[PDB]
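Below: the structure, in C-alpha cells.
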Amino acid sequence: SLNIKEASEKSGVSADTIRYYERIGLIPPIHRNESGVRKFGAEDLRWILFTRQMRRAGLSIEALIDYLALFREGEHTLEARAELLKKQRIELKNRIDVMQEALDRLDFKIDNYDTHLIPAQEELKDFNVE
Amino acid sequence: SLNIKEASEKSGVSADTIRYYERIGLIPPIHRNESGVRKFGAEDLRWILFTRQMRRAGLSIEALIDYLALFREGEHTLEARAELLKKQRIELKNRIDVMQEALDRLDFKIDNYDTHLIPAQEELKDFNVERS
Ligand code: MED
Ligand code: NA
C-alpha cells in the first residue's frame, strides 16, 4: 500500500487535497497504521481518481459526497445511485452541449477569417456590405 | 438605440456585467448620448452576446481582451486575430474532450448498474418469492 506522498504522486492530486477529500467524505475513510499514518490501497486510489475526474468535469462536491455515502450504505441504494448518476450525466451532457455550441461559433468565426476576411483584408462589416 | 436596461434584457446579461465588460475592454466602448447615458446599437449587442458565450465556455478574460484590442487597432491585425481564435479553439476542444471522457465514464458506470447490478438484485428477489 501507499503512504500519502506516494498516493499524491500517483494520482496527480496534492496530499492536502487528498486530506480534504477524506475529511469531507469525497473518498472513503483511509486506514491508519500503528504509528497513526494513512495507508492507501487500490480502491482508495480509484476513489481519488474518480473524484479528481468528476470535479474537473464540474460535478459538485455535494453530489459526489451523496454518491459515496449511498455506496457505503451498500446494496439497498443501488437504484438511488443509478438515478443520481443519470441526473449528473444529463447535467454534464448539457454542459458539453453548451461548450460545443461555443466551439461551433468559434469555428464559424475562424472560417470567416480564413476564407473571407484575411484574403480581402477587410473587417466583417466591410466585407458584408461590398 | 437601446438603453442599458433594454440591452440587458435583450442580451440576457446583467447591466452591471455589461458595464464591467466595457470597463475592462471585453466589448468596444459604448456610445453615450447628450445626457451622458449609454446608447446601444446592434454591434454592441453582438459583442455582449459573443463575450457572454465565450466566457461561459471558459475562454480567458485576457484572451478576449486581446482580441478586442486587436480588433480596435484595425485591419492590419486580421491574421493575429485568426491565430488568437485558433489557439483558443484548440484549448476549448481539449476541454470538451476531457469532459467527454468523464461522460463516457458515467455512462459505463450507469450501464453497469442498469445491465448487471440492478437486474441481479431483481433476479434474487424473484428467486426468493418463487422459492417461498
Ligand atoms: C471508484 S468509483 C466506482 C463506482 C462504483 N460504485 C460502481 O458501482 O461502478
Ligand atoms: Na508500502
Side-chain angles (χ1 to χ4, degrees), chain A residues 1-100, chain B residues 58 93-131:
Chain A
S1 62
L2 308 181
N3 63 30
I4 200 180
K5 175 178 174 279
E6 291 163 345
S8 169
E9 295 164 337
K10 174 140 194 144
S11 66
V13 173
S14 79
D16 277 358
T17 289
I18 290 176
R19 294 186 169 90
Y20 169 73
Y21 284 176
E22 187 191 10
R23 180 167 66 76
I24 72 158
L26 284 162
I27 66 178
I30 308 291
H31 284 88
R32 301 306 203 271
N33 69 13
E34 287 149 62
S35 296
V37 153
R38 298 180 184 84
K39 296 296 307 298
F40 291 82
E43 168 109 335
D44 301 316
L45 308 197
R46 278 194 321 273
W47 280 100
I48 289 170
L49 288 193
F50 174 76
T51 304
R52 185 204 34 78
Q53 182 177 20
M54 296 301 131
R55 286 294 296 125
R56 284 151 94 277
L59 283 75
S60 76
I61 61 165
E62 302 306 337
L64 286 166
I65 288 167
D66 279 11
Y67 183 74
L68 176 66
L70 293 169
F71 174 94
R72 290 178 58 78
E73 284 296 318
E75 293 182 338
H76 74 96
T77 70
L78 290 166
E79 284 191 290
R81 284 183 267 150
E83 288 313 307
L84 180 169
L85 297 179
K86 278 177 210 176
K87 292 194 191 52
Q88 294 303 314
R89 200 280 189 190
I90 285 171
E91 275 151 45
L92 177 50
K93 169 67 179 167
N94 289 345
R95 287 193 299 281
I96 295 184
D97 289 348
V98 166
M99 275 158 223
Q100 183 70 53
Chain B
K93 173 58 154 73
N94 293 345
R95 287 193 300 280
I96 289 164
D97 287 353
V98 173
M99 341 206 76
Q100 181 70 41
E101 196 144 315
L103 191 74
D104 288 346
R105 168 152 212 198
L106 294 173
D107 295 348
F108 181 72
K109 279 154 93 286
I110 291 159
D111 169 272
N112 189 48
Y113 281 103
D114 287 348
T115 289
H116 295 283
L117 307 182
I118 294 160
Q121 190 90 299
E122 284 172 340
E123 301 166 348
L124 193 49
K125 313 283 94 42
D126 290 356
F127 177 96
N128 291 330
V129 66
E130 80 105 39
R131 173 137 281 248

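Every chain is numbered from 1, with letters handed out A, B, ... down the list of sequences. Note: hydrogens, waters and symmetry copies are ignored here, and every other heavy atom, side chains too, is used. Just follow the structure's listing: the first ligand is 1, and inside any ligand the first atom is 1.
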Student check: side-chain heavy atoms of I61(A) and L26(A) closer than 4.5 Å: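 Touching, per the 4.5 Å side-chain cut-off.
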
Flag side-chain contact, heavy atom, 4.5 Å: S11(A) against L45(A):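 No; the side chains remain at least 4.5 Å from each other.
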
Proximal candidate to atom 3 (C) of ligand 1 [heavy atom criterion; set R72(A), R81(A), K109(B)]: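 Nearest option to atom 3 (C) of ligand 1, by heavy atoms: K109(B).
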
More than 12 heavy atoms from other groups under 6.0 Å of NZ on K5(A):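 Not more than 12 within 6.0 Å, no.
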
Protein contact of atom 8 (O) of ligand 1 - nearest heavy atom, named by residue and atom, plus distance: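 Minimum-distance protein heavy atom for atom 8 (O) of ligand 1 reads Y113(B) OH, 3.5 Å.
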
Pair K86(A) + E83(A), salt bridge at N-O below 4.0 Å: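 A salt bridge is present here (some side-chain N lies under 4.0 Å from a carboxylate O).
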
Charged N-O contact under 4.0 Å between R95(A) and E91(A):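 No salt bridge links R95(A) with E91(A).
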
N or O pair under 3.5 Å between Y67(A) and ligand 1: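 Yes: some nitrogen or oxygen of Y67(A) is under 3.5 Å from one in ligand 1.
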
Where ligand 1 meets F71(A) - atom numbers and elements under 4.0 angstrom, heavy-atom basis: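 Contacts of ligand 1 toward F71(A), numbered from 1: 6 (N).
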
Under 3.0 Å: N/O/S of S1(A) next to the Na ion (ligand 2):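 Checking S1(A): at least one N, O or S atom is under 3.0 Å.
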
